[PDB]
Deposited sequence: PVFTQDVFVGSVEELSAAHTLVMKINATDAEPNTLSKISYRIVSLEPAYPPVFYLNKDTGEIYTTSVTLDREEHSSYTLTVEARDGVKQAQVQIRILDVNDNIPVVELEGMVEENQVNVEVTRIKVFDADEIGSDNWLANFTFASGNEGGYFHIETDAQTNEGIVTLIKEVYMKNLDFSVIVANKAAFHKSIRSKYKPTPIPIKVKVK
């Protein structure tokens, strides 16, 4: 029959376990039934037809493949359900180099380390946290993630030869429990050029 609301808003996390509860729809016997899905090539969700609890199924979700879903349910003796997928950090950052500095110039930018993550743009799961591997023993370069364009800015602190170094890329948040223990730090080297 007629529902108690107009548009159901729910959420579910990416790469969750099977038969995880997404949301619970209700109405004023009552037979809940999904009659349409707008993305329909996997059956990703499962509506419990007796009580109306949307469960996930044996094929798990993917935010990076499809950002959100929309399915219209029907109660027999209709309403939209908009399910937005919560992003987790299941994607390792990769780096797609030279630098030219002058003699004894303080706080001059060197170059921009480009980095291309594939998670949600603007969170901690896409912002690349740059650390050091070898080359900042004497305290020379400070590193920074520019949050608008995702670039590893390097800039002189103690001004000053081919003093090369290497960075290690990671995200600002922790990696997901299916992708951690597969990540290995690859030291990406950078040659500087003084004059």
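K.L.:
Going by C-alpha coordinates, which parts of the deposited sequence are missing from this model?
P.N.:
No C-alpha for residues 29-36, 86-88, 172-173.
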